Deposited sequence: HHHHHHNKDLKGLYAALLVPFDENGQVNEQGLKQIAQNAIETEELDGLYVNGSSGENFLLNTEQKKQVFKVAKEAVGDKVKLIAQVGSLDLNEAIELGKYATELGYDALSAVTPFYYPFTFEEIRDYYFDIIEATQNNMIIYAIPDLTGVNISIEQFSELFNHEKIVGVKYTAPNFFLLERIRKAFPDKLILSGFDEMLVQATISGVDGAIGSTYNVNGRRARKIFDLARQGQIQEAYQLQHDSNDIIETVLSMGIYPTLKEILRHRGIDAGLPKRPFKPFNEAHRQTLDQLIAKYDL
């Protein structure tokens, strides 16, 4: 039977060597850190946070495989397979489905000015070919046309608009809404999201769980205080270059967090003192 997809997920980070090749041992450690240290429900694999759009197809497969290998059978797995290359997307979708990922997701085709019908049929084509459940990333009338499909089970919701989130939550009580803005987890929780996916949950998963639980449980003031504490972290990490900095924090716990893939630059050492201070203040 299919797992329940509600929960909190680490948007999985990927460690690279000097030549932009995946470091499999570090990747394994990052996946395990998300589940075993940060106590999260699931991995969201090959999203933006994993520098996925910097990868070739064979690299994306290697990440899908290492992540699955790293976690137990009860860990929820969502495979972001979106690409401007629909043939690649279908091939990654099939491969991830065959590995047993619980659901696929796919970024809105981007760069070019695709029409809505082009966007809709890119999702439907991926579904036809893979037969896996799908999570999308649009007017309400358009969401409806997408959500009308039984295999589009939900949306990874990342646009910062709470009026549109509310309208969608209302219109589609039967669909999974997983929010993607860590810095607004508490507002997303009270807006009825079914969970969230975040890159900072790799280092701040415990506080994230409390915000989500406390807010649902009606303890708003304490959830909001933890949102304050979390946003210090998020703001700091953002100002230092978010991917390298998150991986520098993980490096600090003994994980082989490697480098970002160029053209991303590595963590700038002039930020080291400010980062050490953050780690100490929030015991990261």
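Within the chain's deposited sequence, the coordinate-free stretches run 1-5, 143-151 in sequence order.
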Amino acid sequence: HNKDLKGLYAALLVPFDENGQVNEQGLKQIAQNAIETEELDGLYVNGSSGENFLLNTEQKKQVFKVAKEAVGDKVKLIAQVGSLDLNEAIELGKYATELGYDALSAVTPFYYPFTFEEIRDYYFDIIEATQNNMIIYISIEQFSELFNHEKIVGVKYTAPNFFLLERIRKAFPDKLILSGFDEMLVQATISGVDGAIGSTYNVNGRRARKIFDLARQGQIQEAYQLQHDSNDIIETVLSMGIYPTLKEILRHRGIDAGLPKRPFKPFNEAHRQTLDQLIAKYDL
From here on, numbers count along this sequence of modelled residues.
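In this crystal structure, the stretch out of 239-247 and 211-219 whose C-alpha atoms carry the higher mean B factor is 211-219.
Higher average CA B factor: 138-146, of the stretches 138-146 and 107-115. Residue-level temperature factors show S179 in the middle third of its chain, judged at the C-alpha atom. In the PDB entry, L185 places in the lowest third of its chain by CA B-factor. When the modelled residues of the chain are ordered by C-alpha B-factor, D85 sits in the lowest third.
In the PDB entry, a CA B factor belonging to the lowest third of its chain's modelled residues is recorded for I234. Per the PDB record, residue ranking by Cα B-factor puts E51 in the lowest third of the chain.
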